[PDB]
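The chain below stands alone, shown as structure tokens; this is the form solved without ligand CMP.
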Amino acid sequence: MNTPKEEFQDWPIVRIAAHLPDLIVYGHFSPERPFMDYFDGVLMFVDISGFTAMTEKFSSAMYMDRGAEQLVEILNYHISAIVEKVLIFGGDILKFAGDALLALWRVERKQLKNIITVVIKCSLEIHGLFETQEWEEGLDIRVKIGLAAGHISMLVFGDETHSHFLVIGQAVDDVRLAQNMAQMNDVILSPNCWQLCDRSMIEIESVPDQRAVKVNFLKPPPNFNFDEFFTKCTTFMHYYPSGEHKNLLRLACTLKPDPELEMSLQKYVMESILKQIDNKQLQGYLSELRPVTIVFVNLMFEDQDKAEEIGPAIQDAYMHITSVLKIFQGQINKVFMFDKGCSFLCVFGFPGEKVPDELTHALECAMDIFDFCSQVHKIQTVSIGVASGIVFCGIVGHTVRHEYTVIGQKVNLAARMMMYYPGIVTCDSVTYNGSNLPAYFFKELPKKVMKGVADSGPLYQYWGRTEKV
């Protein structure tokens, strides 16, 4: 008999899995919400804000009607190279969130030392991708890398239709803190990472007023062979593609139809993405420059590093947020950790209902979320930034590992407002002026110099309908 080769590998479940990390795809966990689990690993946080800064280059009339298409193509070109590096070095890309890629090497505690070596080598090779590259002489096609290691907690929350996850804990706090200390082309190790690492491999320098360290060089011992060392480390990498599948970047490319698994995984993915996956919408439909209103919600906790403490609070907040968003067709685009808690990137369509009505609705939704989340046990501070304007939307990343993302000046503005104006609902001038709501529903705020955003215009607090608050 003939032996035709080439198994079909383009199933809906495989396409869904491109949007998720191995942590979820192979997770097999409890139906209970919140769900918490605990493990150890090494985290890499790659700041790609230099790449996402290109939303401004591609807003130019020079791109004719194709700024969104050109942006996603160039972003995917460079980001795919980073993703391939992480995956070939055995990492799991957790999230494209906050203008960054967060990756994880989950391993037993005894193996953290050797895996830190693999992750440092990966980080240096990521920098190596961008060694020559630049054409606009601006926006900066370079990256900053923070690494951390230690205890990691995972939180899964959601309802019967939708699921989200977060990784939480001191290593998570440390990885974003380490990346913030980095200059372009730097690799910064968290204090615990530097405590746990193989010091014979590397030369470091101190970071002033910090216990974190900068990697100057990876200079291994004379008899060291990285390929042989990496092969040894793969013993501890559960899902590293191997044998017949050593040509694949992800084991998830081998997933076969399994209705129970697909039912679980689709909950993490937006319905408009599933429509495209099902070939019920054109593959290019979601790459666009569109007017939206961003509602960015920040929840602060005393113990942002402890999942048992914050998990029920996030679940409770999520159940309310999703009910408020449902009424006015808002979406949660992303959930991710900041230094003191949990950020929800919510998005409304701006011409989904016209002029004063939609902007009024986004403000009213913001206040509703603010009032409910303020009364959630263990939520210490709620802060909400509301900003309206043109953003880039699209599926960004590699063929095998990509996520729908929203980027642009107005996303960055809503994110900074919720940090610089904590404890209140704030909005930009487009939202304030557009809502046509009476002026006494607001308070004009003192101007702040917010790192990363320039010429913000007047900002306002949404005080609400009465003198209350």
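Position 1 is the first residue in the sequence shown; the rest follow in order. Take the two forms, find the largest set of C-alpha atoms that superpose within 1.5 Å, and that set is the rigid core.
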> At least a third of the other compared entries: do they leave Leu139 without coordinates?
Replying inline: yes
> Per the PDB record, is the mean Cα temperature factor higher over 316 to 324 or over 357 to 365?
Replying inline: 357 to 365
> Mean C-alpha B-factor higher for 132 to 140, or for 298 to 306?
Replying inline: 132 to 140
> Which one, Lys246, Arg199, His162, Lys256, has the peak C-alpha temperature factor per the PDB entry?
Replying inline: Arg199
> What's the residue among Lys340, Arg250, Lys267, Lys85 with the greatest CA temperature factor in the PDB record?
Replying inline: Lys340
> Which third, lowest, middle or highest, does the CA B-factor of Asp40 fall in along this chain?
Replying inline: middle
>> Please place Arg290 in the lowest, middle or highest third of its chain according to the CA B-factor in the PDB entry.
In response: middle
>> Looking at the temperature factor on the CA atom of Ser49, which third of the chain's modelled residues does it land in?
In response: middle
>> Split into thirds by Cα B-factor across the chain's modelled residues, where does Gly397 land: lowest, middle or highest?
In response: lowest
> Going by what the PDB entry lists, where does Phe370 fall on CA B-factor within its chain: lowest, middle or highest third?
Replying inline: middle
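Omitted from view is the form solved in complex with ligand CMP, to which the following refers.
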> Considering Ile120, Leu345, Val156, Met237, which brings a non-hydrogen atom within 4.5 Å of ligand CMP in the bound PDB entry?
Replying inline: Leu345
> Which one, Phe301, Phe370, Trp194, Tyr318, lies within 4.5 Å of ligand CMP in the bound PDB entry by heavy atoms?
Replying inline: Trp194
> Exactly one stretch in 195 to 203, 323 to 331, 309 to 317, 107 to 115 has heavy atoms within 4.5 Å of ligand CMP in the bound PDB entry; which is it?
Replying inline: 195 to 203
>> So, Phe336 and ligand CMP: in the bound PDB entry, are they within 4.5 Å at any heavy atom pair?
In response: yes
>> Just checking whether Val411 would be counted as a contact of ligand CMP in the bound PDB entry - the rule being heavy atoms within 4.5 angstroms.
In response: yes
> So in the bound PDB entry, does any heavy atom of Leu218 sit within 4.5 Å of ligand CMP?
Replying inline: no
>> Although the partner isn't part of this model, could you tell me whether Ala415 comes within 4.5 Å of ligand CMP in the bound PDB entry, counting any heavy atom of the residue?
In response: yes
> Judged by heavy atom distances of 4.5 Å or less, which residues of 265 to 299 approach ligand CMP in the bound PDB entry?
Replying inline: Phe296
> Which listed residue (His245, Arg199, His238, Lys354) has a Cα shift of at least 2 Å between this form and the one not shown, rigid core superposed?
Replying inline: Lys354
>> Once the core is aligned, does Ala53 move its Cα by at least 2 Å between this form and the one not shown?
In response: yes
>> If the C-alpha spacing of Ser163 and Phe350 moves by 3 Å or more in the bound PDB entry, is that a move closer or farther apart?
In response: closer
>> Just to spell it out: taking the C-alpha atom of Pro351 and the C-alpha atom of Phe441, is that distance smaller or larger in the bound PDB entry than in the structure shown here, given it changes by 3 Å or more?
In response: farther
